[PDB]
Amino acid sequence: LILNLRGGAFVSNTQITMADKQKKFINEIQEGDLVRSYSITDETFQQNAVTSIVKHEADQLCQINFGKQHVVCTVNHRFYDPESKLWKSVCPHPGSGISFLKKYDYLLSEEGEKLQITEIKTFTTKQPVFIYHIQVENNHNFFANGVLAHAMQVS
């Protein structure tokens, strides 16, 4: 079949925050682990279940800074700008309804606080490195290094 790992994939060293606000590296996540998610509409946090993990590799990645704290993923990531109230990407697929993510846009923290993007750069690796896409039921999002990231595998 054809899968759309939409919201992209994160490097092994990326930290996912649990329902108990603890942190584990995405490559140590397992089916049924309970992670901190966010209802956009109801404007409230809530625990949800990891259904699926997909492991790929890539040599071409994207670093986003939001203060001293950063995150490394594919260019087809999806993050929430709570000030803009839009899902955004550096590289959105034509006809997804996702806005362009830019330098000095906002991300939503795992404490629901607005964080300002300080820098956005491309990043190649000498050889390919592992990347991970996790699916979360109902909310379909989580917190990668403490900011709200959407993730869904479809088709």
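Position 1 is the first residue in the sequence shown; the rest follow in order.
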query: 29 to 37 versus 96 to 104 - greater average Cα B-factor per the deposited record; finding: 29 to 37
query: Comparing 39 to 47 with 125 to 133, the one whose average Cα B-factor in the PDB entry is higher; finding: 39 to 47
query: Candidate set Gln60, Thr118, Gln69, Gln63 [ranked by C-alpha B-factor, highest]; finding: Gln69
query: Within-chain third of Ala19 by Cα B-factor, per the entry; finding: highest
query: Chain third (lowest, middle, highest) by recorded CA B-factor, residue given as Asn138; finding: highest
query: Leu3 CA temperature factor, ranked by third within the chain; finding: middle
